[PDB]
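First come two forms of one protein chain, each written alone as structure tokens, so that there is a structure 1 and a structure 2.
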Structure 1
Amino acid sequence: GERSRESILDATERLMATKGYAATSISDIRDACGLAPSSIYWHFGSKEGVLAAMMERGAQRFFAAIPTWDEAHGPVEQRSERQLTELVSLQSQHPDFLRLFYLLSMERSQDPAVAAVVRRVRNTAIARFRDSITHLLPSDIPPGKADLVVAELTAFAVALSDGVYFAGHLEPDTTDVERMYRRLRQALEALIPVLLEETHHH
């Protein structure tokens, strides 16, 4: 049972918006929430552990929301447009959740528990792309080739999505997030016949 876990996460979230990632140390957190570093090392095990938990907290709160009803809403193109705007809304609001993820992924992990948190959020994003991509393929594609194509398209879509964040971050004025995801869809649709053709070379 942890009440203090919530107080620590809130304090560090304030320190992240102000001092930043590099300027935030364990002493700063200690001063903000009024807990000893050993007590902080108790709950999250590390300074990075707090960041991992903070980014994890943001994930389930933001990422996981209302994924399901797009299927029942309609079989039609409104599905992609639902997921598009859902992914756009996630991107266009520019949360510190996305910021914390890329911060931790690039950071060398001295706390192996942090990596496990990163992989959970990463695989979550991959699955969300894989789901919407499988429906972009025509239904007559054989199941064998359909798997390899989706896999390669997924990594492509995920890589594009990562660059969208940095584009909106480093070029806020000239970047249209919805338009870039529109181009992604057009790119994927064009890659399918090319991807199909390269699997026939067996």
Structure 2
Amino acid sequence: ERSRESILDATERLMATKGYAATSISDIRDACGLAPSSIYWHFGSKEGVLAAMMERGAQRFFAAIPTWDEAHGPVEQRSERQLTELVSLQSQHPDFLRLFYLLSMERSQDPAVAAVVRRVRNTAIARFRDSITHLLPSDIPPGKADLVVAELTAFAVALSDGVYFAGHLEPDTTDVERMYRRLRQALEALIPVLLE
């Protein structure tokens, strides 16, 4: 819908400017022109707006990174982009990232929000899993591979989570590209260890 996008657009700018608490459903109307009843009719509530806002922020973050089959090149890589995008995709668009980590720790969470948080986290995990499976030798038995891949994935996701906070808490001295370089180097080193 054209109207759904209007609301989210307004909600982004308003919360960026005023923060969550001080952003009214009324304010959102003032910005997007849509009446509160129309807003409620779409997202059901303020939290329902926040969720949908946060989700499509994810959908764009992930689309800006190609999957492994979205490639291209003779397995250049198939790092290239995947790290390069991930690197550039932390440049003051954590945005959605900060919101994610905030919402992940929220207590007594609205169902719509908890569902969005879960889908985003699962997606991120799935995406790392897609890349990492290609770091293993092909002659590894699939069941054994599943265990190794799952453990490397959990490791990478953890490190990537840490990268946001490093950039947030130590923005001056943090090198995002360098850190993800150490990650892939760490993963390549851990593969022989895991198969032992």
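The term rigid core refers to the maximal set of C-alpha atoms that superpose within 1.5 Å between the two forms. Residue numbering: structure 1 sequence, from 1.
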Query raised in the report: Superposing on the rigid core, do we see a C-alpha displacement of 2 Å or more at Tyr165 between structure 1 and structure 2?
Result: no
Requested in this report: Please check if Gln93 moves between structure 1 and structure 2, taking a CA shift of 2 Å or more relative to the superposed core as movement.
Outcome: yes
Query raised in the report: Which angle, in whole degrees, describes how far the smaller rigid part rotates between structure 1 and structure 2?
Result: 23
Query raised in the report: Once you lay the two forms on top of each other by their rigid core, how far has the C-alpha of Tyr41 moved between structure 1 and structure 2, in Å?
Result: 6.1
Query raised in the report: Upon rigid core superposition, what is the positional shift of the Cα of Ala127 between structure 1 and structure 2, expressed in Å to one decimal?
Result: 0.9
Report summary line: With the core held fixed, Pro138 moves its Cα between structure 1 and structure 2 by a number of Å equal to 1.7
